[PDB]
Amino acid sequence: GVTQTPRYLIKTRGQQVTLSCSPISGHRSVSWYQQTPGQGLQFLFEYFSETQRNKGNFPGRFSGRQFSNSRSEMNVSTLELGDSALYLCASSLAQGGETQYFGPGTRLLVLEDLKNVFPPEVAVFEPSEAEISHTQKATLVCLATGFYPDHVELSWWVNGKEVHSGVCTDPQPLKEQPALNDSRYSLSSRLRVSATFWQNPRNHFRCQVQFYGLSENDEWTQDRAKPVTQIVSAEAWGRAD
């Protein structure tokens, strides 16, 4: 129901952001929260019929608006590194606004420079013949490496259709350089399938990794390719052997 755009955002300290919220039809109460590991859920403000009913304890640079159709927009000007959080939006049908329906959120990352933004390199690792022999089960591993920030979405595709069964991706990414605040990340995922499924070349296995980087609107002074939002993928074909 509750929609929020953009899903992921990378900004430089000092810039400004506008985050939109489309509440459920016909919820007129719209609440905004900032979610941080440090401070948890922090109330920003709530709107009902264009007016800001309540406000939390955030500086004037954190402003919001609500339109006639109940859609809301929040703005954060003069961005700081500490503004990096999940900007949750919640709508309520009940006009008192207690029973809230939360949006997926806008993941905002505020950086000093965009010089350390890297897309992932993705590789598919074909199952072990040993595993197939010993278990009659075939696990495919996918590695997404050297990406910054962790604004990534990994998925498995078998014959051009998304697969959820026999899958599991790391709940959290891995720091390639643990002792580093700007450390690039790594992420693994597994796809387990039957040996009868793997031992068929008709089956095409794709590991899709959606990266969320820089837009067409972002400045790119570095020599390397612009680390734009892109899909980096790797593939493997079912092996008869």
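In this text, residue numbers run from 1 along the sequence as written.
On average the C-alpha atoms of 122-130 have higher B-factors than those of the other stretch, with 102-110 and 122-130 being the two compared.
Taking the PDB entry as given, 215-223 carries the higher mean Cα B factor of the two stretches 215-223 and 5-13. Based on the entry's C-alpha B-factors, the most elevated value among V209, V30, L174, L44 belongs to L174.
Taking the PDB entry at face value, the top CA B factor among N54, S70, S189, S194 belongs to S194. The entry lists a Cα temperature factor for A236 that places it in the middle third of the chain's modelled residues. In the deposited entry, the Cα temperature factor of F48 sits in the bottom third of values across the chain's modelled residues. Remark: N203 belongs to the highest third of its chain, ranked by C-alpha B-factor as recorded. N181 sits in the highest third of its chain by CA B factor, as recorded in the PDB entry. Ranked within its chain, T36 lands in the middle third, by CA B factor from the PDB record.
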